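In what follows, chains carry the letters A, B, and so on, assigned in the order in which the sequence lines appear, proteins first and then strands, with residues in each chain numbered from 1. Ligands are counted one by one from 1 in listed order, and the atoms in each one are counted from 1 as well. Only this structure's heavy atoms are used, side chains among them; waters, hydrogens and symmetry mates stay out.
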There are 2 protein chains.
Amino acid sequence: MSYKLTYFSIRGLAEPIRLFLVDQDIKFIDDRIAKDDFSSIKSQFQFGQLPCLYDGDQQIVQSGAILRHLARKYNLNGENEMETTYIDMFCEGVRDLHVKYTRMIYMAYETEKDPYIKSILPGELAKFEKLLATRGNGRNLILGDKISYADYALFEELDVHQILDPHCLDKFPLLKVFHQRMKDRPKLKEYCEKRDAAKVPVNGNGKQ
Amino acid sequence: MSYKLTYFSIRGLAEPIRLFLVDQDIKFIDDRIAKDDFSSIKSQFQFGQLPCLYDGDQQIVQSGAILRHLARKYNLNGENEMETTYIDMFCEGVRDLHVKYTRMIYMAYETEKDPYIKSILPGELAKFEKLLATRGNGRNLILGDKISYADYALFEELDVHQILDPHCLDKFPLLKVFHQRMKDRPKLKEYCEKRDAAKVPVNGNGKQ
Ligand SMILES: CCCCCCSC[C@H](NC(=O)CC[C@H]([NH3+])C(=O)O)C(=O)NCC(=O)O
Ligand SMILES: CCCCCCSC[C@H](NC(=O)CC[C@H]([NH3+])C(=O)O)C(=O)NCC(=O)O
């Protein structure tokens with residue numbers, strides 16, 4: 001196949017890209033590497049890291065650049081400049097939350113999980129609840145009736161946070177409904193069921 | 001008057017945006033706020049954070065989204081899909097280095113500065129030295145002859161690292177020369193010399 005996505009055998013940074021491809025029914029090689037095999041191939045990647053998307057003869061690293069490239073190719077980058085900017089801004093906010101999440105996961109899970117759930121996460125989710133409402137009253141997708149790459153990133157971030165704290169979206173009905181809407185899309189429903197059956201690790205250290 | 005960039009009175013995340021605006025002769029209000037004034041206006045921003053670009057009636061937060069929007073608007077976004085993807089990838093790499101840099105600056109300057117300079121920074125710069133060479137043999141700008149938004153980000157990242165370690169580019173001829181080339185652009189030369197004579201801090205904690 002012409003698309004190949006190389007990453008570790010976890011959800012991590014690649015999962016929104018996987019979700020984009022699965023939902024759009026773009027067939028790809030999901031190339032999942034063992035942690036010990038990475039050293040021998042790391043020099044092949046431009047910053048020594050994954051994920052990497054091979055798109056025909058093009059080798060593209062950096063998850064955000066991969067997503068935006070696919071978005072342009074498949075018309076999921078908004079319909080005008082303002083929409084393009086908005087989904088970019090939204091998606092960058094999602095990345096900020098993921099940074100806070102991964103710092104807690106990898107550096108301080110045993111002591112910072114509880115405080116993160118109680119004192120950090122609610123205020124961060126509230127920013128998205130308010131933002132999501134700006135188009136289509138937040139009752140469909142980030143841009144309203146048309147899907148964009150930012151929807152896959154937000155879906156994943158809400159999903160991993162619900163694993164972490166099953167009740168984190170209780171006070172956020174728009175985010176809760178958005179999450180379920182995205183999970184109900186036929187190709188994602190099937191994919192997420194298989195992902196759960198295999199208990200795919202969210203992170204590289206087994207914590208979630 | 002049609003642009004206002006609101007950020008703290010440091011270089012930080014805003015500086016590549018300032019550099020883009022100045023060098024492209026885009027007039028803007030450089031709205032540099034005091035740290036104690038931010039608490040009172042925090043809720044006006046979509047993620048409670050700066051920088052913010054007011055572009056006419058549009059309010060755009062997230063430094064990467066801001067710079068990508070300006071690049072589209074002023075045709076500094078590459079001339080085809082591969083170029084646009086490439087500069088995105090390159091610029092995201094620059095941001096990754098900045099994350100390493102700021103973590104050290106804000107969380108462990110006294111214990112981690114020397115190990116950063118000796119044992120992290122050189123391998124990170126080597127990645128950029130190799131990558132720079134893929135277009136124009138890396139002997140002009142990131143895309144070869146045409147400037148792009150990524151050039152401003154690479155320039156600022158190289159400059160702040162040269163403040164940290166004056167000798168860091170000695171053994172990277174392409175990056176060294178790129179830095180020389182960018183600093184000699186007349187609008188940047190004027191702006192940067194005024195900034196540095198005014199002792200504008202790189203970071204918010206007085207370390208650099
Ligand atoms: C234990 C595996 C799980 C770690 C989770 C972090 S994502 C993997 C990490 N890659 C990155 O940090 C990529 C960051 C880049 N900014 C992006 O968004 O793609 C990597 O290749 N790191 C491997 C390495 O540097 O050796
Ligand atoms: C305090 C001076 C030093 C600031 C250095 C960090 S940048 C300022 C910080 N903003 C961000 O971290 C924005 C990150 C965002 N991902 C972006 O790229 O714009 C902020 O508004 N923080 C203020 C806050 O959260 O209250």
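- Taking the charged nitrogens against the carboxylate oxygens, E112(B) and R103(B) do have a contact shorter than 4.0 Å, which makes a salt bridge.
- Considering backbone and side-chain N/O atoms, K35(A) never comes within less than 3.5 Å of an N/O atom of ligand 1.
- Aromatic rings from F90(B) and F128(B) are positioned such that their centres are separated by under 6.0 Å.
- Taking the six-membered ring for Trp and the full ring otherwise, the centers of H69(B) and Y86(A) sit at least 6.0 Å from each other.
- Closest protein heavy atom to atom 3 (C) of ligand 2: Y106(B) OH, 3.3 Å.
- Ligand 1 lies within reach of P51(A), whose nearest heavy atom is under 4.0 Å from it.
- For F8(A) and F38(A), the distance between ring centers is under 6.0 angstrom.
- Set against the non-hydrogen atoms of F38(B), the atoms of ligand 2 under 4.0 Å away are 23 (C), 24 (C), 26 (O).
- Inter-residue side-chain proximity for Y3(B) and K27(B) is flagged as unmet; no heavy-atom pair is nearer than 4.5 Å.
- Only the side chain of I10(B) comes within contact range of ligand 2, with a heavy atom under 4.0 Å; no backbone atom does.
- Here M89(B) has no heavy atoms under 4.0 Å from ligand 1, in either its backbone or its side chain.
- Put simply, the side chain of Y152(A) reaches to within 4.5 Å of the side chain of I147(A), judged on heavy atoms.
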Worked verdict on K118(B) versus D114(B) for salt bridge (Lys or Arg N to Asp or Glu O under 4.0 Å)
CA-CA 6 Å; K118(B) 268 134 353 67; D114(B) 202 65; 3.3 Å; yes
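- Residue, atom and distance of the protein heavy atom nearest to atom 2 (C) of ligand 2 are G204(B) CA, 3.9 Å.
- Distance from atom 25 (O) of ligand 1 to its nearest protein heavy atom, with residue and atom name: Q49(A) OE1, 3.1 Å.
- Closest to atom 15 (C) of ligand 2 among all protein heavy atoms lies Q62(B) NE2, 3.1 Å.
- Closest to atom 21 (O) of ligand 2, if we only count protein heavy atoms, is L50(B) N, 2.9 Å.
- Atoms of ligand 2 found under 4.0 Å from any heavy atom of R95(B), numbered from 1 in the order shown, are 18 (O).
- At the shortest separation from atom 19 (O) of ligand 2 among protein heavy atoms lies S63(B) N, 2.9 Å.
- Looking at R18(B) and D23(B), no side-chain N of the basic residue comes within less than 4.0 Å of a carboxylate O on the acidic one, giving no salt bridge.
- Contact annotation: the side chain of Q162(A) never approaches that of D165(A) to less than 4.5 Å [non-hydrogen atoms, C-beta and beyond].
- Aromatic ring centres of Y149(B) and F20(B) lie farther apart than the 6.0 Å criterion allows.
- With atom 14 (C) of ligand 1 as the reference point, the heavy atom nearest to it among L13(A), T6(A), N205(A) is part of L13(A).
- For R11(B), no heavy-atom contact with ligand 2 is shorter than 4.0 Å.
- Near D96(B), the atoms of ligand 1 lying under 4.0 angstrom from a non-hydrogen atom of the residue are 14 (C), 15 (C), 16 (N).
- In this structure a side-chain-to-backbone donor-acceptor pair under 3.5 Å is present from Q208(B) to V202(B).
- Heavy-atom distances between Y7(A) and ligand 1 reach below 4.0 Å in at least one pair.
- Near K42(B), meaning under 4.0 Å from any of its heavy atoms, are these atoms of ligand 2: 24 (C), 25 (O), 26 (O).
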